[PDB]
Structures are given as C-alpha cells and as structure tokens.
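Below is one structure, written out as structure tokens; comments come after it.
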Amino acid sequence: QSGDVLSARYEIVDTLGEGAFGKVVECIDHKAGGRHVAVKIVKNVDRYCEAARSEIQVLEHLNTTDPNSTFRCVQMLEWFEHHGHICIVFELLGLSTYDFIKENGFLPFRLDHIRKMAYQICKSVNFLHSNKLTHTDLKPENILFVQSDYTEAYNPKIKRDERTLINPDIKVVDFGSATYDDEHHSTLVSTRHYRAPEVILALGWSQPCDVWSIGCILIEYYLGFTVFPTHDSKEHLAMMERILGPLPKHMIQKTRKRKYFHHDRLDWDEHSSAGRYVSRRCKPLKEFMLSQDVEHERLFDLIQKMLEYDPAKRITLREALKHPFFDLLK
C-alpha cells in the first residue's frame, strides 16, 4: 500500500508493524513540511473497527487528562476513515523494546536501562489504573522507545559489537483492548507469555493482570528470552509451578478449567516429554539471576511481587513505584 495517500495529506512510506487489527505505517505529512507521523490503519472488519473506536475514546480521555504525555501514553494527533478503514494518526515513535532486543541479538538490556524503562512502564500503567482502566495487553511489542538512536562499543565480554540507546525513554501503545472498570471484561486477555494466572483459570481479572504482564516483561528485558516458552495453557501453569511454586489451593478450587487439574493439583506428569521440556527450560525464579548484587536482588524482589499468584495479594503499581529497586533513579 506504500504510495497510498490518506485524508489527502499522509503518504505511506513504510510499514512499522502489523497485527490482528491491521498495520501501523510511517507517513510523510504533505501539509506539515514533510515531517513524519505513524498511522494505524485498522482492517475493515467489525471487531477491529470496534476496538479502534474504543482506542480513540481511551486516547481522547488520556490525551485530555495528560496532554503533554507526562505519563508516557502514545499521543493521538487525529483520526479519520479511509475506504472504510479507521486510521489513527500518532506521534512517530522509534522501535519497540522487542524489535530493539531482536536487532541486538537478544542481548538483554543493562540493569540501569531496565530500571529506567520499568519505572516509566509502571508510571504509565499506574496512570491508567488511576483512571479506572486496565491495558490488558502489555508486552515488549507494546512498549516503544521515543527515539531508538544508539551508540556502538565493542564489548570484550561477548567478543562483539553491541548497541546502547542514547535515550531509553519509552511510551505505552495499543489501547484497543484497554477496559474500564464498569465495562464488559473479555474472558481471555493478554498475549500468552504475559498472561496472568487468574486469566488462564478464568477467575475474572482487573488492574492486577497488568502487573503480572509487567513482571513477565521485566524478566524478558533482563534475560533476553521468556521464562514461559509455551503455547499450551496446562504447560504454562506447569512452568509457573516450576518457577514460582505450587498454585494456591483457593485458585484451583475456584477455577472451572477442570481439564488442567487432577484431584486439586495440576494434572502434570514430570516424566512425560513435556515434563522434561519444562524441567529443562524452567527453574526457581531466583536461579535466573545473573548476579547476587543487591541491585539484582531488588529487581528480583519486585519481579516476584509482580508474579504473586493471588491477584488480591499482588503488588499494585502504586506500591511498585516506591520499590527500592527504583531509588538509584531519584
């Protein structure tokens, strides 16, 4: 679709990204001196239309309450329709955190960068939580750098060239799943590797499912890989039990997902091929730590609080933002 011209001013010059919903494109703005914007072009399909209108209503609310994006939600510039596609015009951001890690060889972020990015993610999502909103789809693809300009130094430790961001500031994108407290809550939310246990067990969810997602994002930034390399619900739960310990009995008793359980325990054979896979790939959370220094211990203390099984006990982002992991920032 490159060369197409939206609303008689936006010329598509590149695809930034692609999704169930449609795509995000980079356009030249012929009416603002040629400067570049992002345009989300949503498929001409009811469910994607409804989610785009929902996203526009959330962005009008967020952009009105916080017009300078103090809380780091992407800025919507305008919206329109084009051949029955809803088009949302955004400030042009740089790469996703995912694309950055990928283009760098799945080398993790330095702890100092993770500290800054985690703070900003927590500050951004807490702003939603303060406005009776839950994002529901937090993942590294939905966390974008403001500018993804980097320097390169040879790193003798790894014997190769690595990229360090000049500025690691981020914004949160994709409000098409965002849900107000008083609205219908989808049965299934989140991308699987970031999905909270109350979602897998169909117990109901609210703001704390976002906190679980953030805890999984921080592990990936720290390791460069997920600790949940799965595409199966029961196996995902077996992996949580290996990393975090047994599920709470009250959550097992409450679930109607009876296929995952035998008696009141996960129906999981550690001696099966899948069982060996989970035993090989997954291990107690603190075993993933690359260093024993206090900075590392405090990140893992935060992570473990975010990956509390019981969403009623899980750390809130208001409590996260005061975690000692974040002092070296103030």
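Basis: the model, the stated rules and, where named, an outside source; nothing here is a laboratory result. So basically every Cβ, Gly included, is an ideal-geometry build from the backbone, and we count neighbours across all protein chains shown.
Observations on the model:
- When the strands (runs of 3 or more DSSP E) confined to the range 1-60 are screened for residues that are over 22 Å from the mean Cα position of the chain (by Cα), those reaching at least 3 such residues are found at 10-19, 22-29.
- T70, sole failed condition from (1) in contact (Cβ under 8 Å) with a residue 60 or more places away in the chain; (2) of a type in the set (S, T, Y); (3) not in a helix (DSSP H, G or I): (1)
- Segments classed as helices (runs of 4 or more DSSP H), wholly inside the range 248-330, with at least 2 members that are among the β-branched types (V, I, T): 294-306
- Single unsatisfied condition, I88 versus (1) assigned by CATH to the domain that holds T191; (2) crowded, with 16+ Cβ neighbours inside 10 Å; (3) of a type in the set (A, V, I, L, M, F, W, C): (1)
Per-residue answers, yes or no, for (1) in contact with a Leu (Cβ under 6 Å, 6 or more places away or on another chain); (2) surrounded by fewer than 20 Cβ atoms within 10 Å (Cβ to Cβ); (3) more than 24 Å from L321 (Cα to Cα); (4) without any contact (Cβ under 8 Å) to a residue 60 or more places away in the chain:
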{"residue": "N104", "(1), (2), (3), (4)": "no, yes, yes, yes"}
{"residue": "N126", "(1), (2), (3), (4)": "yes, no, no, no"}
{"residue": "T134", "(1), (2), (3), (4)": "no, no, no, no"}
{"residue": "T151", "(1), (2), (3), (4)": "no, yes, yes, yes"}
{"residue": "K159", "(1), (2), (3), (4)": "no, yes, yes, yes"}
{"residue": "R163", "(1), (2), (3), (4)": "no, yes, yes, no"}
{"residue": "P168", "(1), (2), (3), (4)": "no, no, no, yes"}
{"residue": "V173", "(1), (2), (3), (4)": "yes, no, no, no"}
{"residue": "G176", "(1), (2), (3), (4)": "no, no, yes, no"}
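- Residue match in the range 38-51 (condition: of a type in the set (G, A, S), more than 18 Å from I170 (Cβ to Cβ), in the same structural domain as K23 (by CATH) and touching a strand residue (DSSP E or B) at 6+ places or on another chain (Cβ under 9 Å)): yes
Residues checked against (1) touching a strand residue (DSSP E or B) at 6+ places or on another chain (Cβ under 6 Å); (2) assigned to a loop (DSSP other than H, G, I, E, B); (3) over 16 Å from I101 (Cβ atoms); (4) among the small types (G, A, S):
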| site | (1), (2), (3), (4) |
| --- | --- |
| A153 | no, no, yes, yes |
| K171 | yes, no, yes, no |
| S177 | no, yes, yes, yes |
| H184 | no, yes, yes, no |
| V189 | no, yes, yes, no |
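- Residues that are of a type in the set (V, I, T) and within 16 Å of the chain's Cα centre (by Cα) within the range 61-110 comprise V74, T97, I101, listed in sequence order.
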